[PDB]
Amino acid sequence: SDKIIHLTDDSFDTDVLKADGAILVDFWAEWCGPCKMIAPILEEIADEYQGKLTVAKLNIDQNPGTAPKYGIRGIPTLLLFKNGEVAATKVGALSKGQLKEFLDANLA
């Protein structure tokens, strides 16, 4: 999206590891239905949390290098980073409501 950062293996360090703030990274794939189901929701979140976090997506087929580094086994997986370090791990599709709660609880 407009506000979502579209990540690559090469831009991962700069976009995620070096950002001064919180980043919600979504590891996903085109063949993964639940990944597709959460896409519109990640869009709303990126609007609503503007100034508090940035949403980023890494497609793990197009960028196969980064997932192994974080032990990612299954998708979708959402990893909350705070200044380069994973604060919180979430796995599986959740609803908008569940995601708000995940974020509010871990951003404090």
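Residue numbers here begin at 1 and follow the sequence given.
When the CA B factors of the chain's modelled residues are split into thirds, the value for residue 82 lands in the lowest one.
Sort the modelled residues of the chain by CA B factor and residue 106 lands in the middle third. In this PDB entry, residue 88 carries a Cα temperature factor that places it within the middle third of its chain's modelled residues. Ranked against the other modelled residues of its chain, the C-alpha B-factor of residue 51 as given in the entry falls in the highest third.
When the CA B factors of the chain's modelled residues are split into thirds, the value for residue 63 lands in the highest one.
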